[PDB]
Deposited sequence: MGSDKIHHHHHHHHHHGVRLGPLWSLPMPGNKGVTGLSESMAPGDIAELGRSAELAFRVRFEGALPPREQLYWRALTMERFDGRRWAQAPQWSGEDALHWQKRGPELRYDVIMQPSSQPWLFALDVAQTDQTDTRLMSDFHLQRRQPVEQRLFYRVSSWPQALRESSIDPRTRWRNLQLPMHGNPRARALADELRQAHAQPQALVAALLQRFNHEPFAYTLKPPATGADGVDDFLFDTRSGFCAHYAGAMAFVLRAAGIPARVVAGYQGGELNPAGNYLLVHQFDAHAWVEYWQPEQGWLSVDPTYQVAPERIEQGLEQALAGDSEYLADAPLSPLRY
């Protein structure tokens, strides 16, 4: 019926089949291009071998406004969850909502009735040029056992690429140069689900790419997490608004380094750029 605190690919696929409305958005000025419309809901910082899940957050979070400010109104359908949707980094007019330590908005109560809120976002904000130690630590967590081939790949990438930007670029280039497939009905994978996807099936959808990428970054010593939300939306020119449906559900990645802070990346773009762009 909506996003939840945990993500396995099957949950995202189920949202992919639903035509239910998640929210509608009206921008104060021009509509941003589709590829900037990443509606962040929550982050998933725990990986247990099988799925990515939300960890506990707290509220000072170090960030700095810079670049353009986007202003828009949202009317949200009931989700039964306490997170609000918004472009990163968001501030809202809701006095019962706070920007949490993973840059997601948490409301005091779950959204059980339609809700209107106003938002200002800074998509180019500097996020944690210095990081909270709990956050850095948490975002390097992996199970000690399982997915050994992906861990081996991470070790290789770490040796060849001392700088995180270069390592991330090489991992993205693997998705782009190897013949990975983007499909909503991929082959099943086993207990080493990261290894199976990366090396054997090489076929999946946004959740596979996001999860595997965050896994390999962590195993290479770069803090990383999965971001869950929606991307894109359908324009209704008669009302000057966008509709965002459950089928717009999407997962991506962000990774941390000193000074530059958190940077977002969508590995789906390496295999299905048309889905993101159009």
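Counting from residue 1 of the deposited sequence, the stretches lacking C-alpha coordinates in this chain are 1-34, 94-96, 316-338.
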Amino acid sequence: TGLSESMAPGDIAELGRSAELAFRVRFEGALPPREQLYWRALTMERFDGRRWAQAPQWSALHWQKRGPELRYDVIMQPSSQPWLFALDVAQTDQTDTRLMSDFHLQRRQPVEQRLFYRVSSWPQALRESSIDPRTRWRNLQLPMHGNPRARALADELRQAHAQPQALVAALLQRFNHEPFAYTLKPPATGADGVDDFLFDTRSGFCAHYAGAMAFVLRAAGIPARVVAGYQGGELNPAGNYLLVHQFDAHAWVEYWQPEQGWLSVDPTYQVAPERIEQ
From here on, numbers count along this sequence of modelled residues.
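Higher mean CA temperature factor between 187-195 and 136-144: 187-195, per the PDB entry.
The question of which stretch, 178-186 or 126-134, has the higher mean Cα B factor is settled in favour of 178-186. Which of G211, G229, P32, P223 has the largest Cα B-factor in the deposited entry comes down to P32. Of the candidates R26, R40, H245, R51, it is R51 whose Cα B-factor is highest according to the PDB record. Per the PDB record, residue ranking by Cα B-factor puts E112 in the middle third of the chain. Remark: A166 belongs to the highest third of its chain, ranked by C-alpha B-factor as recorded.
The PDB entry assigns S121 a C-alpha temperature factor belonging to the lowest third of its chain's modelled residues. Sorting the modelled residues of the chain by their CA temperature factor places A60 in the highest third. The deposited CA B-factor of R46 belongs to the middle third of values across its chain.
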